[PDB]
Amino acid sequence: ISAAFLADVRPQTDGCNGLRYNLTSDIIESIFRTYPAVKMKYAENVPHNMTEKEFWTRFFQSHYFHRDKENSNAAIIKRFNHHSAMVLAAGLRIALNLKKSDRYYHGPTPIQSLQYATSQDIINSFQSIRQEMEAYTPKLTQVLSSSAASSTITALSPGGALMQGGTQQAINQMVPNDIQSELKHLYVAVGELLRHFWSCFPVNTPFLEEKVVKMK
Amino acid sequence: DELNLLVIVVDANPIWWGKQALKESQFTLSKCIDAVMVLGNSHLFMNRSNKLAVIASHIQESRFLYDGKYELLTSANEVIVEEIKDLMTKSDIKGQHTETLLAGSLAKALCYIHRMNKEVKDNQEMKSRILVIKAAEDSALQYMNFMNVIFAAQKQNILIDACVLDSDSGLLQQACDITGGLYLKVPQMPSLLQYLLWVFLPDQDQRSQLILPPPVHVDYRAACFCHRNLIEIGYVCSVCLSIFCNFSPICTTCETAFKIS
Amino acid sequence: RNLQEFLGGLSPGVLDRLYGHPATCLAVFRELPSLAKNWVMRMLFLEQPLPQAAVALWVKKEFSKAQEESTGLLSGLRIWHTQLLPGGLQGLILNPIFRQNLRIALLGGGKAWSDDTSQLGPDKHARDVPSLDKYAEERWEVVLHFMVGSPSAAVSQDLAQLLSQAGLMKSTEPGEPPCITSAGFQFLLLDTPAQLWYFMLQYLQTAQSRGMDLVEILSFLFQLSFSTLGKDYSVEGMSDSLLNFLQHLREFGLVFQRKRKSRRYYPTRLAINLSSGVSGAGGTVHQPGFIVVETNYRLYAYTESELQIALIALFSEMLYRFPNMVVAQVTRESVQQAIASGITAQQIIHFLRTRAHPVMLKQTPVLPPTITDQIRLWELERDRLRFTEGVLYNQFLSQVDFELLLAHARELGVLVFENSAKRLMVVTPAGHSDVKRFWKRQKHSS
Amino acid sequence: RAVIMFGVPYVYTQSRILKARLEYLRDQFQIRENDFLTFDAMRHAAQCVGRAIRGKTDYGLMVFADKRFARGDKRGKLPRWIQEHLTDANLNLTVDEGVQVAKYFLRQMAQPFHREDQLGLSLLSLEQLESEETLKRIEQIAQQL
Amino acid sequence: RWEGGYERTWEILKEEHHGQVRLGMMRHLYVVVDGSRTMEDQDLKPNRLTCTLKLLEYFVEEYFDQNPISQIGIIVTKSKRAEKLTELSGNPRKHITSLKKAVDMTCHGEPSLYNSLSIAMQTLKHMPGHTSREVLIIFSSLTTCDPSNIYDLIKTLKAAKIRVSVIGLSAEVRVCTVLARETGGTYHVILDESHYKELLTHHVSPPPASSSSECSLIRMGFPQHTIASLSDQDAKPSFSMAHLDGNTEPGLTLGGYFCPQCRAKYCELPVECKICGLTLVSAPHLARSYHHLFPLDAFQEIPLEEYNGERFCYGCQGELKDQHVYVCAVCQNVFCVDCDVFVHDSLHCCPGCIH
Ligand SMILES: [Zn+2]
Ligand SMILES: [Zn+2]
Ligand SMILES: [Zn+2]
Ligand SMILES: [Zn+2]
C-alpha cells in the first residue's frame with residue numbers, strides 16, 4: 001500500500017470531453033483499505049441510495065476530495081495526519097581442518113597403472129639418452145618419409161581407422177511427427193508416474209508401500 | 001590483428017626416452033625435438049602476427065626454450081638447440097621422483113600467456129593455444145593442480161591440445177574435452193610430425209570447415225576414497241566433498257560427524 | 001592491383017624460374033590464404049599426386065567458394081599442378097622445385113642468399129634508422145617536387161623518362177619539362193605506399209624495356225621484403241642488371257647507400273613493405289595530421305614544405321602563407337577545376353582523412369559530413385551531361401521487326417538505348433554498319 | 001539523517017519584552033541588539049542541528065537554506081566543533097550542488113567502518129593513553145580562551 | 001554593483017580470505033532486483049537498469065563458474081508486487097536469456113521487499129537444511145511498501161536460517177541494515193560501477209558456514225555421456241526430460257546422459273534428476289570449487305632494490321623491472337606484479353609449490 005493512491009489517481013480527461021474514469025478494482029480496493037469511510041458509504045448507499053458511478057461522481061465533487069484561511073490550513077494538516085495514520089495502520093494488516101589431503105591428489109580418479117622401472121640400470125638408460133642427445137645434429141630428411149606420409153593420410157582418410165563412423169540416418173523422417181508428439185506425451189506421462197513412484201522412496205512407513213503398489 | 005600464440009609443452013621424461021633408446025626403435029627424442037622445432041618454425045612461418053612460446057617440461061624443472069635457412073628461424077633454432085643440450089648435459093637424476101611436473105609447466109605457460117596478453121596492443125586480439133605431447137606415464141598427485149590449470153584455461157578460453165605417443169592419460173582426455181582442445185594418440189611416432197601438421201597446426205576456425213577425425217569418447221567416473229573404486233552413485237560429504245560408498249556417521253577427511261536423525 | 005595480380009598473370013616459365021629462390025617460395029606461402037597455407041603444410045612431404053575429389057572433400061560445402069578460390073589461386077600461381085594419376089584419375093601435386101625450395105628455406109640447408117657484412121666488418125660510416133627513414137622521405141619528397149616542376153628538385157634524365165613511360169607526365173614541348181597528365185595528379189593524391197606500389201608495378205610492366213631480367217628483380221624484391229631494418233647487406237654477388245636496379249632504388253631512397261662504390265646497402269621501411277603492396281601494413285605510424293578542416297570550408301596546414309602547399313593548392317584557393325602555417329579555402333570553383341584536371345572527390349576526401357589533425361580526430365567523424373557531401377555534389381555536377389554518340393533507328397514500321405532487330409542488337413551487344421513502346425533504339429556507330437547491313441539483308445531475305 | 005534549517009531564525013522583533021531586554025543589555029553591557037538577535041538565532045539553529053549525532057558511528061547531514069549564513073559575523077557565531085567542518089567551498093551552494101555533495105557524503109559515509117580504524121586517530125586504547133605523544137596531542141586538541 | 005570595473009589582464013600572464021573455515025558448499029541463491037521509478041536514474045551509465053543487468057549477467061557467469069553445485073532464482077519487485085522472473089535452476093543460458101529480456105523492461109512503481117522476501121521464503125521453505133539459503137537484494141529506491149509487518153518476516157527468516165545480503169545504491173537503510181545483520185548477511189553501498197563489480201565479485205565467493213550449518217552425507221550419481229550409434233541395434237533416440245519442459249518440440253537425441261537411479265535422460269549437466277531427486281554431477285564440477293578449500297595466501301612484497309637475487313620472474317621469465325617483487329612463502333620464488341595478480345586471482349597455486 002502506497003500513499004500515492006489518491007495523488008497519482010486522476011480523473012482521465014480525453015481529447016474531446018471524455019471522463020474515462022476506468023474504475024479498476026485495484027484503486028477501489030486501495031481506497032477502501034486506506035479509507036474505511038468510503039467503503040462504509042459504498043456499502044450503505046450503492047446501489048440503493050445511489051449508483052456506484054453516482055457515488056464516485058459525488059466523491060470527485062465532494063469537498064473531502066477537493067480539500068482546497070487558518071481553518072483551511074488546519075483542515076489540510078489534519079487530513080494529512082489522518083491519511084498518514086491510515087496508511088500506517090493499513091501497513092500492519094565453523095573452522096575446519098583437513099586430515100587426509102592426499103585424497104585431493106588422487107580424487108575421483110581410481111588407482112592408475114603407475115608401473116615403475118627396474119633397478120639402477122634405468123639410470124644407465126637415463127645415461128644413454130644423456131649420452132645419445134649430448135652430441136645431436138638437426139635432421140630434416142629423416143623426419144618423414146613418403147611411405148610414412150601415405151600411411152598417415154590413409155589413417156586420416158575418410159572412413160579410415162581414425163575416421164570412425166560418418167554420416168548417419170535421418171531418424172527424424174523415420175519417426176512420424178504425430179508419432180513424435182505421442183511419444184513426447186507418453187514420456188511426460190511416464191515421467192510423472194515415475195516421479196510419483198520415486199517420491200515415496202525411500203520407504204519408511206507402510207503407507208508408502210501401498211502408494212507404490214498403486215503406482216505400479 | 002590475429003595474434004596467434006602456439007604454446008608447446010614437451011614430455012621430457014628421461015626414463016621413457018632412455019627405455020626407447022634401449023629398444024632402438026625407429027623414433028627417438030631427437031626426432032621429437034626436431035618435429036617440435038619444425039612445427040614452431042611453420043607456426044611463425046604462417047604469419048608475422050603469429051608468435052611462438054616453447055617450454056620444456058623436465059622432471060627436475062621446467063625450462064623455457066623460447067645457409068639456405070631463414071635467419072630469424074636459424075637463430076631461434078640454434079637457441080632452442082642450445083637450450084635442450086644445456087638441459088640434457090645438466091640433466092642429473094637426483095631422487096626417486098618419476099612423474100613429469102606437468103602441472104607446473106602448464107602454470108608457467110599460463111603466466112607467460114598472461115604476461116604477453118598484457119603486452120598485446122589493444123588494437124589486436126590474441127588467440128592462444130597450448131599443445132602438449134605425452135610420452136611417459138601420467139602424474140598422480142598433480143590432479144588438483146591439473147584441474148586448477150584446466151579451470152583457469154577455460155576461464156581465459158585457451159584451447160589445450162594433448163598428443164599421446166605411448167601412454168594414454170584420461171586426465172589429458174578430460175582436459176581436452178573441457179578446454180575444447182584436440183586429443184589423439186599417434187601410433188607411428190616417426191609419422192608423428194604430420195599428425196601435428198594435419199591436425200594441431202590449423203587454427204580452430206580453420207578446423208571448422210575442415211573435416212576432422214571424430215572426438216574420442218571421454219568418461220568421468222568417480223572413485224570412492226575409502227577404496228578408490230569406480231562407482232555409479234556415491235555419498236558425497238557436505239563439508240569436504242569427500243566421496244563414500246558406504247553410509248558413515250562420521251566423515252574421515254574433514255573429521256565431521258554427520259548429524260542425521 | 002595487388003601483388004598476386006601481377007603474379008597471377010605471369011607465364012609458366014617466369015613462375016618456374018622465380019620458384020627457384022626459397023625466399024620467393026616463403027613470400028608466396030605467406031601471401032596465401034590460411035586455408036591454402038594449411039593445404040600446403042599438408043602437401044609438405046607428399047610425394048604422390050592427390051586426387052581432386054579427395055582434396056575437395058576435406059573442406060566444408062559452405063566454405064567451398066573459399067576453397068575454390070584458394071584452389072584457383074594455387075592453380076594459377078602454378079604452386080601445384082594436375083598429373084594424369086593412373087586409373088583415369090587426375091592427381092594434384094605441388095611443384096617439385098617450388099616445394100623443394102620451400103623445404104630448404106624452412107628446414108634449412110642449401111646456400112644462403114648472400115654473405116653477411118662481417119667479412120667487411122662494422123660500417124665505418126653507419127647511419128641511424130630514423131636517419132634512414134628521413135632520407136627515404138627526402139628522396140620521395142624530391143621525386144614529388146620534381147613532378148611538381150619546382151627548380152628545387154633535380155633528378156636524372158631517365159627518371160623523368162621512366163615517368164614518361166609510366167604515363168604520368170607527357171613531354172608536350174621538347175627541352176621544356178613534360179606536362180603531368182591527369183593520371184599523374186591521381187597518383188599524386190594517392191598515399192605514399194600506394195604511390196610506391198603503383199610506380200613499381202609500372203616498372204615491372206616495362207622491365208624488358210631496359211633489358212633487365214624480370215625474374216631477378218622480383219626475387220630481389222622478395223629478399224628485401226624480409227630484410228632486417230637497420231642492417232646492411234653485400235652488394236656483391238648480383239648481376240649488372242641488379243646493380244642498375246639497385247642504383248635506381250638508391251635514387252628512389254628505398255635503399256640507403258653511402259656511395260656508388262659502397263658494397264653495403266641499407267633497406268628502408270618503405271622498401272620493406274613494398275612487397276605487401278597496398279595492404280599488410282595497417283599500423284603505419286605516419287606523420288601527424290597537420291590539416292584542420294572547419295565548417296566554413298577552410299583548411300589550415302601546419303606545414304612548410306612546398307609539397308603539401310602544392311597538393312592543397314591543387315584543389316583549394318590559398319589565402320594566407322604563414323611561415324609555419326597555411327590558410328586556404330575550399331571553393332566550388334577550385335574543386336571543380338581539380339575535378340576537370342582528373343582528380344576524383346573520393347581521392348580528395350581520402351587524402352584529407354589521411355592528414356586529419358589529431359584535434360579533429362576527437363570528433364566521431366574524421367571529417368565534417370556536410371563538407372564531404374558538398375564535395376561529392378560538386379564532383380557530380382561536373383559530369384551531369386551524359387555524352388553518348390550513336391546512331392538512332394526510329395523508322396520501324398512494325399513492332400515485330402523492332403523486337404527482332406532489338407534481339408539481333410543485344411546479340412551484337414552494340415545497343416545503346418531502346419524504347420519498345422516508341423519502337424526506337426540507339427546503336428553504336430561501329431555496330432550501326434553491322435545492324436544496317438543486317439536490316440538490309442532481312443529486307444533482302446523478305 | 002537530514003536536518004535542514006530554512007533561514008536564520010530571527011525572533012519576531014515586535015516583542016517589546018525583547019526590545020526592553022535589548023535596550024537594557026545595551027545600556028548595561030554595551031551589547032548590540034542586532035548582535036544579540038543573531039547570536040540567539042544561531043544558538044537556536046545549532047540546538048536544532050546539534051542533536052543529529054550520537055557518536056563517532058553516527059553520521060548526519062546539516063543543511064542551511066539561506067544566503068545570510070554567508071555573513072562572516074553570522075557564519076562566525078557557530079560552535080567551533082561544527083563550524084570547523086564547515087568547508088568554505090560549501091558556502092552558499094545551490095540545490096543541485098547540495099544534492100550532489102549530499103550523495104557523495106552519504107556514499108562515503110555509507111561505507112562500512114570499524115572501531116579498530118578509530119584507534120590512534122579518534123579513539124584511544126589502554127596503551128595509547130600512556131604515550132606522551134598522545135598526551136601532547138590531547139593537550140593540543142583543546143584550547144583555552 | 002559589480003559593474004564599476006572588470007578586467008582579466010592578469011589572467012593573461014606567462015605561466016580477504018577468512019580462516020580455514022567451512023563455507024557454503026550447497027547454495028540456493030535468490031537475486032532480488034528492484035523495478036521502481038528510481039531504476040531509470042543515470043547513476044551508472046547509461047542507467048541503473050542496464051548496467052545492473054549487465055553486471056548481473058557477469059555475476060551469474062562467474063557464480064556458475066565457481067559454484068557448479070549452486071542454484072539461481074531471479075525476482076523482480078515492481079509496482080509493489082514481486083514477480084519470479086527466472087525459475088530456480090543451474091542453467092546459465094536461461095538466466096542470461098531472461099536477463100536480456102528484462103533489459104528492455106519498464107521500471108515503475110515501488111519495491112515491495114516484504115512480498116519478495118515472502119516469495120523467497122516460501123520457495124526455500126522446503127529446501128534441505130544442509131543446503132545454504134542465500135538471498136541477494138538490489139535496492140535502488142530508499143522506500144518500500146509492505147502489506148504486513150516486516151519484522152515478523154525477519155523473525156521467520158531467522159528461524160528458517162536464511163542469509164540475506166543487500167547492496168544499496170544511494171545510501172544505507174536502517175531496516176535493511178538490521179535485516180542483513182540479523183540474517184547473517186552483509187550490507188554494502190554502491191560507490192561506482194567498479195565498486196559494484198567488486199561487491200558482486202566478493203558476493204560470488206561462498207560465505208562462511210555458521211555454527212547452525214548442517215553436515216549431512218548427501219548421495220550423488222555421476223553418469224557418463226552415453227552416446228548410441230545408429231549402426232548398433234541398441235541405439236534408442238529419446239527426447240530429453242529438460243527439453244520436454246519447453247514449448248518447442250524436444251530434440252530426439254540418439255544418446256546422452258541417463259540417470260543411474262531411474263534411467264532418466266537429460267542432455268544438460270550438472271542437473272539434479274527430476275524423477276528420483278538424485279543430483280547428477282561430474283567430477284570436474286565437484287573439483288571446480290576445490291580452490292576455495294585451499295586458498296592461495298598473499299605473497300611477501302619486497303622491492304627489487306631490496307631483493308638481492310634473481311632478476312627474472314619465476315612465472316614468466318620476464319626480467320624483473322617492476323618496483324615490487326612477490327616472493328612465495330613455501331618455495332620463495334620470484335614473481336612480477338602480473339604473475340602475482342594472476343596466481344592469486346585465478347591460478348590459486350604456486351608453480352614452485354607444485355614442484
Ligand atoms: Zn567431510
Ligand atoms: Zn533419476
Ligand atoms: Zn611474471
Ligand atoms: Zn610457492
# chains A, B, ... in the order shown; residues from 1 in each chain; ligands from 1

$ interface_residues --of "chain E" --to "chain D" --cutoff "6 Å" --atoms "only C-alpha atoms" --output "compact mmCIF listing (two decimals) with C-alpha atoms, in the first residue's frame"
# COMPACT_ATOMS: atom_id res chain seq x y z
CA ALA E 171 22.59 5.29 0.83
CA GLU E 172 22.23 2.98 3.82
CA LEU E 191 30.13 3.84 -4.80

$ interface_residues --of "chain B" --to "chain A" --cutoff "7 Å" --atoms "only C-alpha atoms" --output "VMD selection string"
chain B and resid 14 to 15 17 to 19 21 to 22 30 to 31 34 85 88 to 89 137 140 to 144 190 to 191 213 to 214 222 to 225 228 to 230 253 to 254

$ residues_around --residues "residue 265 of chain C" --least-positions-apart "2" --cutoff "12 Å" --atoms "only C-alpha atoms" --output "JSON, numbers by chain"
{"C": [116, 117, 123, 125, 126, 127, 132, 224, 227, 228, 229, 230, 231, 232, 233, 234, 235, 236, 243, 246, 247, 249, 250, 253, 254, 255, 256, 257, 258, 259, 260, 261, 262, 263, 267, 268]}

$ write_last_selection --atoms "N, CA, C and O atoms" --output "compact mmCIF listing (two decimals), in the first residue's frame"
# COMPACT_ATOMS: atom_id res chain seq x y z
N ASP C 116 77.10 -12.10 -45.18
CA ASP C 116 76.90 -11.01 -44.23
C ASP C 116 77.99 -9.96 -44.41
O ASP C 116 78.91 -10.11 -45.22
N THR C 117 77.90 -8.87 -43.65
CA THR C 117 78.90 -7.81 -43.69
C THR C 117 80.03 -8.03 -42.69
O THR C 117 80.89 -7.15 -42.55
N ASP C 123 80.48 -1.12 -40.25
CA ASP C 123 80.49 0.02 -41.16
C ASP C 123 81.19 1.20 -40.51
O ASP C 123 80.89 1.56 -39.36
N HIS C 125 80.93 4.30 -41.51
CA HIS C 125 80.02 5.44 -41.57
C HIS C 125 78.57 5.00 -41.41
O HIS C 125 77.69 5.42 -42.16
N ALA C 126 78.30 4.13 -40.43
CA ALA C 126 76.95 3.65 -40.21
C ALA C 126 76.02 4.79 -39.81
O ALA C 126 76.41 5.72 -39.10
N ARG C 127 74.78 4.71 -40.29
CA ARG C 127 73.77 5.71 -40.02
C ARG C 127 72.69 5.13 -39.11
O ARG C 127 72.80 3.99 -38.64
N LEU C 132 67.66 6.92 -41.74
CA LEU C 132 67.29 6.22 -42.96
C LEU C 132 65.87 6.57 -43.38
O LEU C 132 65.60 6.82 -44.56
N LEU C 224 64.42 -8.51 -50.21
CA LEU C 224 64.40 -7.26 -49.47
C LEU C 224 63.22 -7.19 -48.52
O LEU C 224 63.29 -6.51 -47.49
N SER C 227 64.14 -8.36 -45.15
CA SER C 227 65.38 -7.80 -44.64
C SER C 227 65.17 -7.18 -43.26
O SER C 227 64.07 -6.73 -42.91
N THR C 228 66.24 -7.16 -42.48
CA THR C 228 66.21 -6.62 -41.12
C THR C 228 66.48 -5.13 -41.17
O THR C 228 67.47 -4.68 -41.75
N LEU C 229 65.58 -4.35 -40.56
CA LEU C 229 65.73 -2.91 -40.55
C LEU C 229 66.98 -2.51 -39.77
O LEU C 229 67.30 -3.09 -38.73
N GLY C 230 67.70 -1.52 -40.30
CA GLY C 230 68.95 -1.09 -39.71
C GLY C 230 70.14 -1.95 -40.06
O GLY C 230 71.23 -1.72 -39.53
N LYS C 231 69.98 -2.94 -40.94
CA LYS C 231 71.03 -3.88 -41.29
C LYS C 231 71.37 -3.73 -42.76
O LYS C 231 70.47 -3.69 -43.61
N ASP C 232 72.66 -3.65 -43.06
CA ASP C 232 73.13 -3.59 -44.44
C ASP C 232 73.43 -5.00 -44.95
O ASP C 232 73.43 -5.98 -44.20
N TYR C 233 73.67 -5.08 -46.25
CA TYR C 233 73.93 -6.36 -46.90
C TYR C 233 74.95 -6.16 -48.01
O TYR C 233 75.25 -5.03 -48.41
N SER C 234 75.50 -7.27 -48.49
CA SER C 234 76.54 -7.22 -49.50
C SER C 234 75.93 -6.88 -50.86
O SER C 234 75.03 -7.57 -51.34
N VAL C 235 76.45 -5.82 -51.48
CA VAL C 235 76.09 -5.52 -52.86
C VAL C 235 76.65 -6.59 -53.79
O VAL C 235 76.05 -6.94 -54.81
N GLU C 236 77.80 -7.15 -53.43
CA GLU C 236 78.47 -8.14 -54.26
C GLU C 236 77.62 -9.39 -54.41
O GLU C 236 76.80 -9.72 -53.55
N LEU C 243 72.54 -4.57 -60.38
CA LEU C 243 73.27 -3.38 -59.94
C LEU C 243 72.58 -2.11 -60.40
O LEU C 243 72.43 -1.16 -59.63
N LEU C 246 69.41 -1.64 -58.41
CA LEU C 246 69.72 -1.15 -57.07
C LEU C 246 70.11 0.32 -57.10
O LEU C 246 69.80 1.07 -56.17
N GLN C 247 70.81 0.75 -58.16
CA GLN C 247 71.09 2.17 -58.32
C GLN C 247 69.80 2.97 -58.46
O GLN C 247 69.67 4.05 -57.89
N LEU C 249 66.91 2.11 -57.20
CA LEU C 249 66.29 2.13 -55.87
C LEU C 249 66.96 3.15 -54.96
O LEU C 249 66.29 3.86 -54.22
N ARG C 250 68.30 3.21 -55.00
CA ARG C 250 69.01 4.21 -54.21
C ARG C 250 68.60 5.62 -54.62
O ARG C 250 68.43 6.49 -53.77
N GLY C 253 65.54 6.27 -52.90
CA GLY C 253 65.61 6.33 -51.46
C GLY C 253 65.05 5.13 -50.74
O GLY C 253 65.06 5.11 -49.50
N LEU C 254 64.55 4.13 -51.47
CA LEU C 254 64.07 2.92 -50.82
C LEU C 254 65.20 2.17 -50.15
O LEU C 254 64.98 1.45 -49.17
N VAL C 255 66.42 2.32 -50.65
CA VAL C 255 67.61 1.69 -50.08
C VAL C 255 68.67 2.77 -49.90
O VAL C 255 68.89 3.58 -50.81
N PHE C 256 69.31 2.78 -48.74
CA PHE C 256 70.36 3.75 -48.45
C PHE C 256 71.71 3.19 -48.86
O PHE C 256 72.00 2.01 -48.62
N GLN C 257 72.54 4.04 -49.46
CA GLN C 257 73.89 3.66 -49.84
C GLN C 257 74.78 4.89 -49.80
O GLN C 257 74.41 5.94 -50.34
N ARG C 258 75.94 4.76 -49.15
CA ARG C 258 76.83 5.91 -48.99
C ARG C 258 77.37 6.39 -50.33
O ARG C 258 77.30 7.58 -50.64
N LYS C 259 77.92 5.48 -51.13
CA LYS C 259 78.49 5.82 -52.42
C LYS C 259 78.16 4.73 -53.43
O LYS C 259 77.80 3.61 -53.06
N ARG C 260 78.28 5.08 -54.71
CA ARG C 260 78.11 4.07 -55.75
C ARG C 260 79.14 2.96 -55.63
O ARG C 260 78.87 1.83 -56.05
N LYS C 261 80.31 3.25 -55.05
CA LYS C 261 81.34 2.26 -54.82
C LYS C 261 81.13 1.48 -53.53
O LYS C 261 81.89 0.54 -53.26
N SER C 262 80.13 1.83 -52.73
CA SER C 262 79.88 1.13 -51.48
C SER C 262 79.36 -0.28 -51.74
O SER C 262 78.55 -0.51 -52.64
N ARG C 263 79.85 -1.23 -50.94
CA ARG C 263 79.42 -2.62 -51.03
C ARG C 263 78.35 -2.97 -50.00
O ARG C 263 77.93 -4.13 -49.94
N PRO C 267 68.31 -1.34 -46.58
CA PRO C 267 66.90 -1.19 -46.96
C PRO C 267 66.15 -0.33 -45.97
O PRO C 267 66.49 -0.26 -44.78
N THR C 268 65.11 0.34 -46.46
CA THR C 268 64.28 1.21 -45.64
C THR C 268 62.91 0.57 -45.41
O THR C 268 62.48 -0.30 -46.16

$ atom_distance --atom1 "atom CA of residue 108 of chain B" --atom2 "atom CA of residue 12 of chain B"
15.7 Å

$ interface_residues --of "chain A" --to "chain E" --cutoff "8 Å" --atoms "only C-alpha atoms" --output "ChimeraX atom specification"
/A:1-2,90-97,108,168-169,172,184,188,191-192,194-196,198-199

$ write_last_selection --atoms "C-alpha atoms" --output "compact mmCIF listing (two decimals), in the first residue's frame"
# COMPACT_ATOMS: atom_id res chain seq x y z
CA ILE A 1 0.00 0.00 0.00
CA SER A 2 1.38 3.39 -1.04
CA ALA A 90 -3.16 -0.50 6.91
CA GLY A 91 0.53 -1.39 6.66
CA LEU A 92 0.07 -3.58 9.74
CA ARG A 93 -2.70 -5.74 8.27
CA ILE A 94 32.91 -23.18 11.66
CA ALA A 95 36.68 -23.56 11.45
CA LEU A 96 37.72 -26.67 9.51
CA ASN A 97 40.99 -28.64 9.44
CA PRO A 108 37.71 -39.48 -8.16
CA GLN A 168 24.08 -41.25 -40.01
CA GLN A 169 20.42 -41.96 -40.76
CA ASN A 172 13.57 -37.57 -37.90
CA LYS A 184 6.53 -36.90 -26.10
CA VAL A 188 5.55 -36.92 -19.95
CA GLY A 191 7.89 -39.26 -16.10
CA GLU A 192 5.04 -38.07 -13.90
CA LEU A 194 7.85 -42.44 -12.04
CA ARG A 195 8.28 -39.16 -10.16
CA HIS A 196 5.32 -40.16 -8.01
CA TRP A 198 10.29 -42.42 -6.50
CA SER A 199 8.77 -39.63 -4.39

$ residues_around --residues "residue 32 of chain A" --least-positions-apart "5" --cutoff "12 Å" --atoms "only C-alpha atoms" --output "PyMOL selection string"
chain A and resi 1+5-6+25-27+37-43+86-87+90

$ interface_residues --of "chain B" --to "chain E" --cutoff "9 Å" --atoms "only C-alpha atoms" --output "number ranges by chain"
B: 60-61, 64, 101, 103-115, 118, 142, 144-145, 147-149, 151-152, 155, 174, 178, 217-222, 231-241, 243-244, 247-249, 251, 256-260

$ decode --residues "segment 38-49 of chain D" --atoms "N, CA, C and O atoms" --output "compact mmCIF listing (two decimals), in the first residue's frame"
# COMPACT_ATOMS: atom_id res chain seq x y z
N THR D 38 21.18 37.95 16.43
CA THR D 38 21.90 37.00 15.59
C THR D 38 22.44 35.84 16.42
O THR D 38 22.37 34.68 16.00
N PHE D 39 22.99 36.13 17.60
CA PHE D 39 23.51 35.08 18.46
C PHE D 39 22.40 34.14 18.91
O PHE D 39 22.59 32.92 18.93
N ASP D 40 21.24 34.69 19.27
CA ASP D 40 20.13 33.84 19.68
C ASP D 40 19.66 32.95 18.53
O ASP D 40 19.40 31.76 18.73
N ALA D 41 19.56 33.52 17.33
CA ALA D 41 19.14 32.72 16.18
C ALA D 41 20.13 31.61 15.87
O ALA D 41 19.74 30.47 15.61
N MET D 42 21.43 31.93 15.91
CA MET D 42 22.44 30.91 15.66
C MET D 42 22.45 29.84 16.74
O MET D 42 22.63 28.65 16.43
N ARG D 43 22.26 30.23 18.00
CA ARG D 43 22.19 29.25 19.08
C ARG D 43 21.00 28.32 18.90
O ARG D 43 21.11 27.10 19.08
N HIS D 44 19.84 28.88 18.52
CA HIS D 44 18.67 28.04 18.27
C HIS D 44 18.90 27.10 17.10
O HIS D 44 18.53 25.92 17.15
N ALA D 45 19.53 27.60 16.03
CA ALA D 45 19.81 26.74 14.88
C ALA D 45 20.76 25.61 15.25
O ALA D 45 20.54 24.45 14.87
N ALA D 46 21.82 25.92 16.01
CA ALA D 46 22.76 24.90 16.43
C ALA D 46 22.10 23.88 17.36
O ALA D 46 22.43 22.69 17.30
N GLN D 47 21.19 24.34 18.22
CA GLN D 47 20.41 23.40 19.03
C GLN D 47 19.57 22.49 18.14
O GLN D 47 19.45 21.29 18.41
N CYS D 48 18.97 23.06 17.09
CA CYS D 48 18.19 22.25 16.16
C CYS D 48 19.06 21.24 15.42
O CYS D 48 18.57 20.17 15.03
N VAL D 49 20.33 21.56 15.21
CA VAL D 49 21.19 20.71 14.40
C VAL D 49 22.07 19.81 15.26
O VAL D 49 22.38 18.68 14.87
